Amino acid sequence: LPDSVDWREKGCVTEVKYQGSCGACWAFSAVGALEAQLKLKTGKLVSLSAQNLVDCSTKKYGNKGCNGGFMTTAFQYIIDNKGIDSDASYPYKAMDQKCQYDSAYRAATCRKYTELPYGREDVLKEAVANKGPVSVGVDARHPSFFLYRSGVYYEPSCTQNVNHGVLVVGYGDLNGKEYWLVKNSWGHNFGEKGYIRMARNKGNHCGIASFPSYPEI
Ligand SMILES: *[C@H](CS(=O)(=O)c1ccccc1)[C@H](CCc1ccccc1)NC(=O)[C@H](CS(=O)(=O)CC1=C(C)NO[C@H]1C)NC(=O)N1CCOCC1
């Protein structure tokens, strides 16, 4: 395994998105993971429709649109639906709408997804380095997370009780401090141009390795 990985350098990560008033973080996390696999299997990088997940992957998948959801069941919907539209063809309106999926504008599919073992940051590391960006839930309930601007985020009061779906796009070491490179969906103004480095190998800090999963085309 390389000492550090940054899938952005590999052109496998789309622009940072802004969820606005809608709490569809779970949706952005899922599409983000899939966008990387799409680029890896076709050479083309295209933003996938988060709105498509918000409107179509609902109750049957335990998801509540702007009120929360799961990245894994999001993947399950894409498998059952046999496709997901592109962001351009099904734009993000930041609100629950009636499902408007159109197979004519399908931009990607999903064959299956993998769930990683709870709390194993070593297995997550391997997945990030060999498979690609991984969807994860983290405890982002503390003010320190919102006010973050640079460096490696460490919050002594973080728990493994996750509530926020994000994407791990890499890992590295900064001044001896190990970290996970996390892509957020709160716009370019949050943290480092929309990204945040979280303490790595510090006993599953903020539950980042509690429930990881990634899709496969
Ligand atoms: C996005 C989170 S957020 O708005 O960025 C945020 C930021 C700072 C503090 C708190 C939240 C979703 C917000 C849901 C929401 C909206 C309005 C009011 C309350 C809550 N959160 C999620 O959708 C979250 C994703 S997760 O935690 O990764 C899902 C997983 C769980 C719960 N455990 O393992 C996971 C991977 N999911 C949920 O909150 N829920 C799942 C579906 O049922 C409802 C709750």
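As a basis for the values below, the full set of heavy atoms in this structure was taken, side chains included, without hydrogen atoms, waters or symmetry mates. One-based numbering, in listed order, for ligands and for the atoms of each. Residues: numbered from 1 along the sequence shown.
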- [ ] Inspect the contact between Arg197 and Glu192 and indicate whether a charged nitrogen and a carboxylate oxygen are less than 4.0 angstrom apart.
- [x] yes
TODO: Considering the heavy atoms of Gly23, write down every atom of ligand 1 situated less than 4.0 Å from one of them.
DONE: 1 (C), 12 (C), 13 (C)
Open item on the list: If the cut-off is 4.0 Å to any non-hydrogen atom of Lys64, which atoms of ligand 1 fall inside it?
Closed with: 43 (O), 44 (C)
Task: Atoms of ligand 1, numbered as shown, that sit under 4.0 Å from any heavy atom of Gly137 - done: 28 (O)
Open item on the list: Tell me the protein heavy atom at minimum distance from atom 25 (C) of ligand 1, and give that distance in Å.
Closed with: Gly69 O, 3.5 Å
TODO: Consider every N or O of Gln19 and every N or O of ligand 1, then say whether any pair is closer than 3.5 Å.
DONE: yes
Open item on the list: Under a plain distance cut-off of 3.5 Å, with no hydrogens placed, do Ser213 and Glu115 share a side-chain donor-acceptor pair?
Closed with: no
Task: Backbone or side-chain N or O of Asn163 under 3.5 Å from ligand 1 N or O - done: yes
Open item on the list: Are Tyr195 and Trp180 linked, directly or through intermediate hydrophobic residues, by side-chain heavy-atom contacts shorter than 4.5 Å (ILVMFWY only)?
Closed with: yes
Task: Within-cutoff protein neighbour (heavy atom, under 4.0 Å) for atom 22 (C) of ligand 1 - done: yes
Task: Ring-face cation contact, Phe146 with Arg141, 6.0 Å cut, 45° max - done: no
- [ ] Identify, by atom number and element, the atoms of ligand 1 in contact range of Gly165, meaning under 4.0 Å from any of its heavy atoms.
- [x] 25 (C), 28 (O)
Open item on the list: Apply side-chain hydrogen bond (donor to acceptor under 3.5 Å, both in side chains) to residues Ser29 and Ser135 and explain how you reach the verdict.
Closed with: CA-CA 6 Å; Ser29 168; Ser135 293; 3.3 Å; yes
Task: Those atoms of ligand 1 less than 4.0 Å from some heavy atom in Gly68 - done: 14 (C), 22 (C), 23 (O), 42 (C)
Task: side-chain hydrogen bond (donor to acceptor under 3.5 Å, both in side chains) assessment of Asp55 paired with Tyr90 - done: CA-CA 10 Å; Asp55 309 326; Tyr90 199 153; 2.6 Å; yes
- [ ] Using the rule that two of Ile, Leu, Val, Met, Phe, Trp, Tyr join whenever any of their side-chain heavy atoms come within less than 4.5 Å, decide whether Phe70 and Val134 are in one cluster.
- [x] no
TODO: Give the numbers and elements of all ligand 1 atoms closer than 4.0 Å to a heavy atom of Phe146.
DONE: 8 (C)
Task: Heavy-atom protein neighbour under 4.0 angstrom from atom 9 (C) of ligand 1 - done: yes
- [ ] Heavy-atom distances under 4.0 Å are what count here, so tell me which part of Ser210 touches ligand 1: side chain, backbone, both or neither.
- [x] neither
Open item on the list: Given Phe211, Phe145, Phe70, identify the one with the heavy atom nearest to atom 42 (C) of ligand 1.
Closed with: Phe70
Open item on the list: Let me check something: do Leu174 and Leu181 share a hydrophobic cluster, defined by ILVMFWY side-chain heavy atoms less than 4.5 Å apart, either directly or through other members?
Closed with: yes
Open item on the list: Taking 4.0 Å as the limit for heavy-atom contacts, which would you say applies to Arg141 with ligand 1: side chain only, backbone only, both, or neither?
Closed with: neither
Open item on the list: I need the nearest protein heavy-atom contact for atom 12 (C) of ligand 1: residue, atom name and distance, please.
Closed with: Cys25 SG, 2.8 Å
TODO: Would you kindly confirm whether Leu40 and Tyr171 end up in one hydrophobic cluster when ILVMFWY residues are joined by side chain heavy atoms under 4.5 Å apart?
DONE: yes
TODO: Can you pull out the closest protein heavy atom to atom 7 (C) of ligand 1? Residue, atom name and distance to 0.1 Å, please.
DONE: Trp186 CZ2, 3.1 Å
Task: Ring center gap for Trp186 and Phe145 short of 6.0 angstrom - done: yes
- [ ] Verify the distance criterion only: is there a donor paired with an acceptor across the side chains of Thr58 and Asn63 at less than 3.5 Å?
- [x] no
Open item on the list: Between ligand 1 and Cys66, can you find any atom pair, the residue atom being a heavy atom, that is separated by under 4.0 Å?
Closed with: yes
TODO: Using a strict cut-off of 4.0 Å, indicate which atoms of ligand 1 neighbour a heavy atom of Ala140.
DONE: 8 (C), 9 (C)
Open item on the list: If you measure every N or O of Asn67 against every N or O of ligand 1, does any of those distances drop under 3.5 Å?
Closed with: no
TODO: Check the side chains of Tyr18 and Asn189 for a donor-acceptor pair under 3.5 angstrom, ignoring hydrogens and angles.
DONE: no
Task: Nearest protein heavy atom with distance in Å, relative to atom 36 (C) of ligand 1 - done: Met71 CE, 3.8 Å
TODO: Dump the intermediate steps for side-chain hydrogen bond (donor to acceptor under 3.5 Å, both in side chains) on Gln76 and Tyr113, then the final yes or no.
DONE: CA-CA 8 Å; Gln76 189 56 64; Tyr113 59 82; 3.2 Å; yes
Open item on the list: For the residue pair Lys17 and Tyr92, would you count it as a cation-pi contact if the rule is NZ or CZ under 6.0 angstrom from the ring centre and within 45 degrees of the ring axis?
Closed with: no
TODO: Starting from atom 35 (C) of ligand 1, locate the nearest protein heavy atom and write down its residue, its atom name and how far away it is, to 0.1 Å.
DONE: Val162 CG2, 3.9 Å
- [ ] May I ask you to list the atoms of ligand 1 that are less than 4.0 angstrom from any heavy atom of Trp26?
- [x] 23 (O)
Task: Heavy-atom protein neighbour under 4.0 angstrom from atom 44 (C) of ligand 1 - done: yes
